[PDB]
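Chemist: Quick check, what structure comes out for this input:
(2 chains)
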Amino acid sequence: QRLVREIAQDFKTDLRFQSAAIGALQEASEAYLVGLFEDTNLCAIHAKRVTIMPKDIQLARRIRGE
DNA sequence: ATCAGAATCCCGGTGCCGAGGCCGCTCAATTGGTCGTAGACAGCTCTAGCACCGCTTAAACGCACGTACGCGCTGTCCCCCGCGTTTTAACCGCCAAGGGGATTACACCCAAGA
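Modeler: Numbers count the residues shown, from 1 in each chain, chains lettered A, B, ... in the order given. Find the structure here:
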C-alpha cells in the first residue's frame, strides 16, 4: 500500500484509495508476478538450468511484448 | 601481413504505367429557427478514509561451513554449409477421330402442267 501510494503521488497529488482497490491491485500484481516467474522457470529449464537468472526474466518480458 | 577472388553499390539510360493536375455537379455541409431535456450548480449529510496508540510475534537479517549446481576446457563425429545435375510446377503444335460439294459420258426424239 505504501508503494502504491508513493507511485500514485507521482501522477496526481491528494489521492485516496479504497480497500477493495488496493486488494484488486495486490491480486493483479501477484498474478502477474506468478505468470512472469512461470515463464522465467520455463526459460531457465529450456537453457538446461535450474536456478533462475535475470536474463530469463528479460527474455520472458521481451517475448511477451512488455 | 598480403594477394586473388567472386559478391556488392553507384552511375549512363530509358521509358511507362503509376503519380499528379483540372471540370461538372450534386449530395453532404452550412445557415436560420423552434422545442427541451440532460447538464451545470447549490445544499445536507454521514460514511468512509486517515492519523495514532497498546500489546503481540513470526518474519527478516547477520553468522558458520562446505557443496553442488555453475562454468571454462577437452574428445568426437555429425548433419547441416555449400556446389553440380535436371526435374516437376506448369506452359504451347502435328496425328487420323468425321461434316460435307462432287456422279452415273456425248447428241437427238416422243408425251403432259403452269
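Chemist: Look up phi and psi at residue A:14.
Modeler: Here is the backbone geometry of residue A:14 (degrees, to the nearest 10): phi 60, psi 70.
Chemist: ugh, typo on my part, it should be residue A:48
Modeler: Phi and psi for residue A:48, reported as degrees, to the nearest 10, are phi 60, psi 50.
Chemist: Distance-wise, check it relative to DNA strand B.
Modeler: Using CB to the nearest atom of the strand, to the nearest Å, we find residue A:48 at a distance of 8 Å from DNA strand B. Every C-beta, even on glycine, is put in place using the N, C-alpha and C of the backbone.
Chemist: How many residues are close by the closest residue to residue A:25 other than its chain neighbours?
Modeler: Among residues not flanking residue A:25 along the chain, residue A:4 sits closest, at 6.1 Å (CB to CB, 6 or more residues apart in numbering). Around residue A:4 there are 14 other residues, counting by other CB atoms under 10 Å.
Chemist: Which residue ranges of chain A form helices?
Modeler: For chain A, applying DSSP state H gives helices covering A:2-9, A:19-46, A:54-64.
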